[PDB]
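Colleague: The following block contains the structure, expressed as structure tokens.
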Amino acid sequence: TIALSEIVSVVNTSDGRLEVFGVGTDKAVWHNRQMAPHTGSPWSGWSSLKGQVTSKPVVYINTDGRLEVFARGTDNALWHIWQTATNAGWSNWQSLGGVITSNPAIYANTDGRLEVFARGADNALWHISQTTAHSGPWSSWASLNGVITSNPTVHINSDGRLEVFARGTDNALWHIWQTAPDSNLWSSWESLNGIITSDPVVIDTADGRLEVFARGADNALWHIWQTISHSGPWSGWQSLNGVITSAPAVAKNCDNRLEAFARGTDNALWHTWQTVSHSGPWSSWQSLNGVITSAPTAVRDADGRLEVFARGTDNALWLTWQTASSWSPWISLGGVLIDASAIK
Amino acid sequence: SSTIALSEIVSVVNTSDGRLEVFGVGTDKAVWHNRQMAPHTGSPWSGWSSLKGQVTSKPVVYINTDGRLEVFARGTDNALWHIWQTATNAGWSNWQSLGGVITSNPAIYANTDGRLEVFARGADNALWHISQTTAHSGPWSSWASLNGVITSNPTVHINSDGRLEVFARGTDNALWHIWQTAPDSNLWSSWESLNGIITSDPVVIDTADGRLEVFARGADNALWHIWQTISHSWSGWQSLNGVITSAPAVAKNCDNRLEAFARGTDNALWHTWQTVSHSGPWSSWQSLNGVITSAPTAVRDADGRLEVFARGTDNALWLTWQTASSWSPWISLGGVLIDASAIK
Ligand SMILES: C[C@@H]1O[C@@H](C[C@@H]2C[C@H](O)O[C@H](CO)[C@H]2O)[C@@H](O)[C@H](O)[C@@H]1O
Ligand SMILES: C[C@@H]1O[C@@H](C[C@@H]2C[C@H](O)O[C@H](CO)[C@H]2O)[C@@H](O)[C@H](O)[C@@H]1O
Ligand SMILES: C[C@@H]1O[C@@H](C[C@@H]2C[C@H](O)O[C@H](CO)[C@H]2O)[C@@H](O)[C@H](O)[C@@H]1O
Ligand SMILES: C[C@@H]1O[C@@H](C[C@@H]2C[C@H](O)O[C@H](CO)[C@H]2O)[C@@H](O)[C@H](O)[C@@H]1O
Ligand SMILES: C[C@@H]1O[C@@H](C[C@@H]2C[C@H](O)O[C@H](CO)[C@H]2O)[C@@H](O)[C@H](O)[C@@H]1O
Ligand SMILES: [Cl-]
Ligand code: NA
Ligand code: NA
């Protein structure tokens, strides 16, 4: 078990449009993009990329701008589909083999090779990668060992080393990392302790330190960080308080101030934000209303505003965004979305 | 034309850990640098320290995809020389020669595969270039030519689809450009003219909506600009007025609104900015005071605030930044800087 997941994967595209990906009642991947690179732009509407997926689909922007969606398939292998060019159509769904047991986690190495991390049948962390930048063919799968109990999350350090996080068998946050950029040489697994009851959410701060967010045993929102840019030692666990009934989402305001979002005990969107600057103390929790049935997903848009997405009581994706003063009334992008996360 | 508007005095970069760090040439012809202590507006500065060398161009810093800074400059023997941090944000190597014979300041960008590629004018007046053979690493490739005959320092930027594109003034004084036909490629297009008459180095940026847009001073000494019509497509040349006595400097506010800077006829800092949003109209020119003896250098710091550097009447480097309402008063970072620009 883990706190209620995010219903969609979202990306700010190379032309500054938000674009959201989720699973339909039919088990296919569907997407929705902004027309215009602005807060409040009209949306395309939901359209199908087809496939039949058995995990959350996860979008990533290749270093040449082209989106690529990863999702577990009906055969439990990793499959993908990618734009043929930045403002063009899509490929056919294609298989990368393997047998996996979590949602895929994706990051681009410093050399532009996308690297995919996913849980195995053995419950280890496995990985596979592009052989050259933003392009097939891909490597063979190999394992990074471990025994993990959540979906993994990956983020690049400010020195180019990929680093992967997942819950362990003791329910602590565990991590593993590249010892050199673009490398196949990884550390051992190391515990960062704690007790976590959601997927980790990982952020690179403005000052170059990995910060992990997670729900605790008390259902508060807790966070732990690197104390030095791309380096240990780590901090201790620190509570941001709150009582949250979903997974948290975290993103950066345009001034780099972190801002955490989560479903509350009342099923509204609540948030807490850094005050003053990117190294300032956190607000108290405040409500952004609505009644939501997934964790929120947050993203900064091409106007430097945070937009937050969440499923509604009618199973459609709803949207609220920052304004000069406040936030905008909930609006509906329509659709009917399922939670297809491969671990719940 | 054998002249261009007064060049920038330093080259600025956002460090891997989010600090501003400027590089210039002292009276001994060595490359010197200064950085902020902490990544906030109005942080104290380290003071100037020497990386030695003897340079006959402006030194141009670029950040590798692993976070290590690397400084490029023409040497006393007209070869391209370089010096790099041997570990992200830590110590520096010795200067080494990349050979070649060049006649401009060097222009640098990362390919989508992490390989830096350096462009500069040759002895034969054509555009030459060289690159790292693997991501953020030597050895370097052979020098090669993209032909052309150019009369300004070249400017390189990457398209929103990963193709590098280089801009330089031609022998008819028009803006000319030439581009990669694929990312990471040695395949380029032919040279093409964007017409106009330019009296400065071109300055190039990527808009939030993924368009290359080039600013340059014109024949009437106004700031002009031109752009790609669609992401990685040009428009006509449009004037932004002013009478400017230096090269311009463009940077993005945290909401992505462009803002241009340049020295006035009264030798003060002037600015004009996009209003409302990043597709908004351009304000009229306003003074930021000060008396400057170079073109300004503009950059967004980790507080989402714009900071502008310019040499002063005393030859020190001076600084003013955006506040909540206005701009801070000009302050001196000291040092004694010269214009070592290979083309003036
Ligand atoms: C994600 C994948 O979706 C499907 C791939 C299908 C493969 C076929 O060439 O095109 C279809 C749509 O026209 C795809 O949907 C499944 O068959 C596969 O097993 C897996 O679940
Ligand atoms: C993620 C972690 O994986 C395992 C760590 C193991 C720790 C040991 O030093 O090396 C093994 C393989 O070389 C790891 O698999 C679990 O024992 C641990 O409790 C936790 O779940
Ligand atoms: C996210 C929020 O966290 C909770 C706790 C918050 C706990 C903190 O110590 O004080 C705040 C102000 O009194 C509370 O709002 C709930 O009150 C609320 O229903 C929601 O779940
Ligand atoms: C940029 C370079 O700077 C100098 C490099 C020097 C190379 C020497 O071995 O060590 C010195 C450090 O104290 C450097 O300054 C010039 O000799 C060279 O010709 C070139 O102009
Ligand atoms: C940048 C441009 O370089 C030259 C373009 C030339 C155009 C010609 O047809 O092909 C040559 C070989 O590649 C180019 O060198 C100049 O003649 C032009 O005036 C301008 O300065
Ligand atoms: Cl001088
Ligand atoms: Na969501
Ligand atoms: Na490239």
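The listed protein sequences correspond, in order, to chains Y and B. Residue numbers are given in the numbering used here: position 90 of the first sequence equals residue 176, and the series is strictly consecutive. Residue numbers are given in the numbering used here: position 343 of the second sequence equals residue 408, and the series is strictly consecutive. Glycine included, C-beta positions come from ideal geometry on N, C-alpha and C.
Contact criterion: CB-CB distance below 7 Å. Does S393/B meet it with respect to chain Y?
Modeller: Judged by the 7 Å Cβ criterion, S393/B is not in contact with chain Y.
Colleague: Whose C-beta lies closer than 8 Å to the C-beta of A333/B among residues of the same chain, with five residues either side of it excluded?
Modeller: Cβ neighbours of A333/B beyond the five flanking positions: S352, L353, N354, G355, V356, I357.
Colleague: Taking only heavy atoms of ligand 4 into account, decide whether any of them is closer than 6 Å to the Cβ of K117/B.
Modeller: Yes - ligand 4 has a heavy atom lying nearer than 6 Å to the Cβ of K117/B.
Colleague: Of all the beta strand (DSSP E) runs that stay within the bounds of the region 142-230 of chain B, which reach a length of 3 or more residues?
Modeller: Fully enclosed beta strand (DSSP E) runs of 3 or longer: 145-149, 172-175, 181-186, 192-199, 202-205, 220-223.
Colleague: Enumerate, from N- to C-terminal direction, the unbroken beta strand (DSSP E) stretches of 3 or more residues contained entirely within the region 306-377 of chain B.
Modeller: The qualifying runs are 314-317, 323-328, 334-338, 351-354, 362-365, 371-376.
Colleague: Check whether the region 106-114 of chain B touches the region 220-237 of chain Y, taking contact to mean three or more Cβ pairs, one atom from each stretch, closer than 8 Å.
Modeller: No: fewer than three Cβ pairs fall under 8 Å.
Colleague: Cβ of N212/B within 6 Å of any heavy atom in ligand 5?
Modeller: Yes - ligand 5 has a heavy atom lying nearer than 6 Å to the Cβ of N212/B.
Colleague: Under the criterion of a Cβ to heavy atom distance below 6 Å, does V139/Y qualify as lining ligand 1?
Modeller: Yes; taking the cut-off as 6 Å, the Cβ of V139/Y has a heavy atom of ligand 1 nearer than that.
Colleague: Indicate the three-state DSSP secondary structure (helix, strand or coil) for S115/B in the structure shown.
Modeller: Reduced to three states, the DSSP call for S115/B is strand.
Colleague: Leaving out five residues on either side along the sequence, give the residues of the same chain with a beta carbon under 8 Å from the beta carbon of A144/B.
Modeller: Cβ within range, chain order: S162, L163, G164, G165, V166, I167.
Colleague: Please tell me whether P319/Y has its Cβ less than 7 Å away from any Cβ of chain B.
Modeller: Cβ-Cβ to chain B under 7 Å: no for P319/Y.
Colleague: What does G198/Y reach in chain B if we use C-beta pairs closer than 7 Å?
Modeller: The contacting residues are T177, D178, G179.
Colleague: Please report the distance separating the alpha-carbon of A200/B from that of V126/B.
Modeller: Their Cα atoms are separated by approximately 17 Å.
Colleague: Just grab the DSSP bridge partners of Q312/Y for me.
Modeller: DSSP output for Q312/Y lists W320/Y as bridge partner(s).
Colleague: Contact between the region 81-90 of chain B and the region 292-310 of chain Y: three or more CB pairs below 8 Å?
Modeller: Touching, per the Cβ criterion.
Colleague: Name the DSSP beta bridge partners of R282/B, please?
Modeller: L288/B, per the DSSP bridge assignment.
Colleague: Within 7 Å (strictly less), CB to CB, does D389/Y reach chain B?
Modeller: At least one chain B Cβ lies under 7 Å of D389/Y.
Colleague: Am I right that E92/Y and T383/Y are in contact with their C-beta atoms under 8 Å? What's the rounded C-beta distance?
Modeller: That pair is a contact at about 5 Å.
Colleague: Evaluate the contact criterion for the region 267-280 of chain Y versus the region 296-312 of chain Y: three or more CB pairs, one atom per stretch, below 8 Å.
Modeller: With the cut-off at 8 Å, the region 267-280 of chain Y and the region 296-312 of chain Y touch.
Colleague: So for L384/B, helix, strand or coil by DSSP?
Modeller: In this structure, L384/B counts as strand in the three-state DSSP scheme.
Colleague: Could you give the first and the last residue of the continuous beta strand (DSSP E) run that contains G110/Y?
Modeller: Unbroken beta strand (DSSP E) run through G110/Y: 104-110.
Colleague: Is DSSP giving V422/Y helix, strand or coil here?
Modeller: If DSSP states are grouped into helix, strand and coil, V422/Y belongs with coil.
Colleague: For the candidate residues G89/B, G118/B, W335/B, whose alpha-carbon lies nearest to that of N306/B?
Modeller: For the residues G89/B, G118/B, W335/B, the minimum Cα distance to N306/B belongs to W335/B.
Colleague: Taking the C-alpha atoms as reference points, what is the distance between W383/B and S250/B?
Modeller: Between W383/B and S250/B, the C-alpha separation is close to 40 Å.
Colleague: Taking 7 Å as the threshold (beta carbon to beta carbon), is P223/Y in contact with chain B?
Modeller: So no, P223/Y is outside the interface.
Colleague: So what does DSSP say about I147/Y, is it helix, strand or coil?
Modeller: Of the three classes helix, strand and coil, the one that applies to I147/Y here is strand, per DSSP.
Colleague: How would you call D368/B, buried or exposed, if buried means at least 16 neighbouring beta carbons within 10 angstroms?
Modeller: Buried.
Colleague: Pick out whichever of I429/Y, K430/Y, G421/Y has its Cα sitting closest to the Cα of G110/Y.
Modeller: Of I429/Y, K430/Y, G421/Y, the residue nearest in Cα terms is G421/Y.
Colleague: Nearest chain B C-beta to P123/Y closer than 7 Å, yes or no?
Modeller: True, the Cβ-Cβ gap to chain B drops below 7 Å.
Colleague: Hey, could you find the ends of the beta strand (DSSP E) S76/B is sitting in?
Modeller: Segment 76-79, the beta strand (DSSP E) holding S76/B.
Colleague: For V136/B, is the classification buried or exposed, using 16 other Cβ atoms within 10 angstroms of its Cβ as the cut-off for buried?
Modeller: Buried: at least 16 other Cβ atoms inside 10 Å.
Colleague: Given 6 Å as the limit, tell me if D379/B has its C-beta closer than that to any heavy atom belonging to ligand 6.
Modeller: False, no ligand heavy atom lies under 6 Å from that Cβ.
Colleague: Can you grab the Cα-Cα spacing for the pair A284/B / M102/B, in whole Å?
Modeller: Going from the Cα of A284/B to the Cα of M102/B covers about 41 Å.
Colleague: With 7 Å set as the bound, which would you pick, yes or no: does the beta-carbon of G156/B sit closer than that to a beta-carbon of chain Y?
Modeller: Chain Y contact via Cβ: absent.
Colleague: For the beta strand (DSSP E) holding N118/Y, just list the boundary residues, first then last.
Modeller: Here the beta strand (DSSP E) through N118/Y covers 115-119.
Colleague: Name the residue from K117/B, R100/B, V120/B, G118/B whose alpha carbon lies nearest to the alpha carbon of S111/B.
Modeller: The residue with the shortest Cα to Cα distance from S111/B is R100/B.
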